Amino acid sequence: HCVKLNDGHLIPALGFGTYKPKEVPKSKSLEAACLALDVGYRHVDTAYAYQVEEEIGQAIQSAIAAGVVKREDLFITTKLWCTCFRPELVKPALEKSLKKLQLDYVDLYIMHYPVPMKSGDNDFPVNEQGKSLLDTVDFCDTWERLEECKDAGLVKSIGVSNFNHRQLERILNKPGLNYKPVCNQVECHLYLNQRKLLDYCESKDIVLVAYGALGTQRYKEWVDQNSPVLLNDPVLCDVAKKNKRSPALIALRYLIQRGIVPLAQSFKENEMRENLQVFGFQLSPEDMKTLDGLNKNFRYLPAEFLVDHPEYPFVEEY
């Protein structure tokens, strides 16, 4: 199951996410990527800023060396981080990611955010008060260098992450645009269903890719009864029981049926295998409408480290 991108390439309709919490040893990301490949994932989404590209690359090479997959069978995404948005730094940042990944090209390379930060080795440069050290780079200038990377054959498709409507319009309307973004990767789940941004993206043939697809599971959310937890939602539970699937699978299927490509994040074989079963059932029109009703516009990943920049993406309505 794939989704057609606006440049003719195809993206598998479910991806494997590789975000790694800081406390987790990086070797566990290597293990999880090998397991995901064995389970049957072919779309692997990573990012320079997750600091596990080397592990993901080693997993891929080990699976290729084992003969279980060929490179052409895989769809690999990585991301340009905020500290590398200066135009002269873009192609070298991709080349470094490719070296770490042990790849000659990626299938998809995306701007991680629309906001640039001070260049340098620290991914989260800060002043003595902890405020982010920000830059003045127009993301349209960064975009021109991603286009150059595509023309150089280092990446098949290019896109963005965490852009709002106004920012997508800036790219689409920029003078001398060569390639439209193929995707906008954003937080998206039953509690932040992204209807408005989705409808815009559909109108421009931009695919919405979802991270954080199961909402927050942080301790504080479970303790405060007033703060709803998506995986504990009683309406979701009713739909899950009706369809004889888990709440998590309902939550992922909801996104798939709206044309969104979710990234399923897990270190556990059983969950990896369950999530891949999302193509084995369909939600009815009534159930989709019930699930639409869960939206709360709860953004759990607001990227507060970017809030002081004029291009902070999340204050605007969409």
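So that there is no doubt, residue numbering starts at 1 and follows the sequence shown.
K.L.:
Read off the CA B-factors in the entry, average them over 65-73 and over 25-33, and name the higher stretch.
P.N.:
Mean C-alpha B-factor is greater for 65-73.
K.L.:
Looking at the entry, does 185-193 or 137-145 show the higher mean C-alpha B-factor?
P.N.:
The recorded data point to 137-145.
K.L.:
With respect to the C-alpha temperature factors reported in the PDB entry, which of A248, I158, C237, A152 ranks highest?
P.N.:
Comparing C-alpha B-factors across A248, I158, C237, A152, the top value belongs to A152.
K.L.:
Lowest, middle or highest third of the chain for the C-alpha temperature factor of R273?
P.N.:
Highest third.
K.L.:
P302: which third of its chain by C-alpha temperature factor?
P.N.:
Lowest third, going by the recorded CA B-factors of the chain.
K.L.:
Would the CA B-factor of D107 place it in the lowest, middle or highest third of its chain?
P.N.:
CA B-factor rank for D107: lowest third.
K.L.:
Which third of the chain holds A93 when residues are ordered by C-alpha B factor: lowest, middle or highest?
P.N.:
Within its chain, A93 is a middle-third residue by C-alpha B-factor, going by the deposited values.
K.L.:
Lowest, middle or highest third: where is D224 by C-alpha B factor in its chain?
P.N.:
Tercile = middle for this residue's CA B-factor.
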